């Protein structure tokens, strides 16, 4: 049955690599929003900064006051993504060290710890994603019928797929832990 455990562990490692990749891509991917009644201006959200890019090619970095409704939600999303990136990289390093390596029961405990932290991080990320998506959908509802907002959900979908892959890896690690501790 150790071969089954090996298959599950390597699948979890693969899913963790994929999760880290998708998380870095999501952090790199900016949130684009074609602002309305502005002469085809696009509001780009990148690294906690807001940029207006005009059709002619002008780009202005606009500082958003801490009081606007968008700043807190977007910053919470950014910070959750950043913290998830750090946590996932830490857990990846720990799982690699585990696979390389003392005490089988301690390794079972370590796998349980890894999976629990992975699950918590994935669920917090999904929670932040849901909050930000609800905010954006309400923002688009607060608009006239003719006026339409075209948002590029690339980063949000990347983050959601990454959180789901992390959850899958966590549940695979949990299967390993259960089938081994018993």
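Positions refer to the first chain, counted from 1.
Legend entry - Chain break class for residue 101 to residue 102, judged by how many deposited residues have no coordinates: Going from residue 101 to residue 102, the model skips 4 to 9 residues of the deposited sequence.
Inset, instruction - Pick between 5-13 and 157-165: the one whose mean CA B-factor in the entry is higher. - result: The entry gives the higher C-alpha B-factor average to 5-13.
Legend entry - Residue with highest C-alpha B-factor in the PDB entry, from 52, 129, 31, 69: Top of the list by C-alpha B-factor: 69.
Legend entry - residue 136 - Cα temperature factor, lowest/middle/highest third of chain: Middle third.
Inset, instruction - Please place residue 124 in the lowest, middle or highest third of its chain by C-alpha B factor as given in the entry. - result: Lowest third - that is where residue 124 ends up once the chain's C-alpha B-factors are sorted.
Inset, instruction - Check where residue 65 lands among this chain's C-alpha B-factors and tell me if it's the lowest, middle or highest third. - result: Its C-alpha B-factor belongs to the highest third of this chain's values.
Inset, instruction - Classify residue 145 as lowest, middle or highest third according to the C-alpha B-factor given in the PDB entry, relative to its own chain. - result: It falls in the top third of the chain.
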